[PDB]
Every structure is written in C-alpha cells, then in structure tokens.
C-alpha cells in the first residue's frame, strides 16, 4: 500500500465499484423477475447475490481517498430478460470478472505496491466464481426442467413456511401455508 491517488489501481477500484454497483441493481432486478417467473429460491439467490455485490463494492469503495475521477469502461447496456437468460448473462459477466478483470486488476495492484487491494481483488474473484457456479446450475435445472422435479423421490422444502415434502417433485401447493410450488426448494442441510 501507500496512496491510491493517480495510480492505475485507483481507476481500477472505481471501475470495479462502478461495475459491481451496477451488478447489484441488475441482480435485484433479476431477482424480481425470477419471483415473477415462479422461481422463488432463485429470486432469493439473486437478491442474495445483489447483497453480496453490495458488500464487494463496499470493501472497494472504502479504499478510495478521493474526489471525482474519470473512467473508461464498458458495461452491459441492459437487459432484463427471462430468468434463464438472466442467469446466463449473469454467469457470463461473473465469468469475465473472475477470469479477466479481477486477475488483471490484482496484478497491477500488486504491481503498483497495493498488495492488500491485490488480495481483495483476488478474494472477490473467488466469490464471483461461486456466484457463477450457482447461476449456472440454476440455469441448467431450468433448462433440464429439474427445478421442481427430480428423478428419485427426495425431500422438498416450502420456503414460505418450512413444510417438508417427500417426493420426486415439489407439490403444486403447500399443504401447510397454501403457497404455490414456486416456493419449494430441495431440502438442504449445511451445518
């Protein structure tokens, strides 16, 4: 470290901040479309990813010490589509970020004496890979019609009321809260 002011890293941070800020918005918009599309678990993961982008941007933004600063950079100009498409566009952009943008940025940060920032750019990359992974599995189940249907009987959980259900597919309506299949997910345990 030292001072960012005038460095290339300084513009890289702002550019990342600008792209991650926009990603938060798009993921929130993508989450609202997934809810409309009937994918509540996917809606909440967009919303979760949005929130996690907010936190990536926050860490970066706190690096800056400065005033206004001009950046040249390209950004998706649109667009909000169907959920599958939203998930793939999201995946693609996460992809460029972790395979391209952040590795470079990291490099230069490193290569300007900003190794902490360097670490942070690499660390966010990790998150972005998982984000990608996640978006892709979900796109694939949507593609393979396996969101609400699996080939062996398994357990599904109602996200709305916690009702658990044994079967190959989620129910068309929660016996407990009477919410529709959209609220069902594969029951998972991570503790």
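Positions refer to the first chain, counted from 1.
* Asked: Which is higher in the entry, the mean Cα B factor of 118-126 or that of 41-49?
  -> According to the entry, 118-126 carries the higher average C-alpha B-factor.
* Asked: In the PDB record, does 159-167 or 53-61 carry the higher mean Cα temperature factor?
  -> According to the PDB entry, the answer is 159-167.
* To do: In terms of CA temperature factor as recorded, identify the highest of 131, 143, 35, 26.
  => Out of 131, 143, 35, 26, the record gives the largest C-alpha B-factor to 143.
* Please rank the C-alpha B-factors of the chain's modelled residues and tell me whether residue 180 sits in the lowest, middle or highest third. => CA B-factor rank for residue 180: middle third.
* Asked: Which third, lowest, middle or highest, does the CA B-factor of residue 85 fall in along this chain?
  -> Within its chain, residue 85 is a lowest-third residue by C-alpha B-factor, going by the deposited values.
* What third of the chain, by the recorded C-alpha B-factor, contains residue 187? -> It falls in the bottom third of the chain.
* Asked: So where's residue 113 on the chain's Cα temperature factor ranking, which third?
  -> Answer is highest: the recorded C-alpha B-factor places it there.
* Relative to the other modelled residues of the same chain, rank the CA B-factor of residue 94 and answer lowest, middle or highest third. => CA B-factor rank for residue 94: lowest third.
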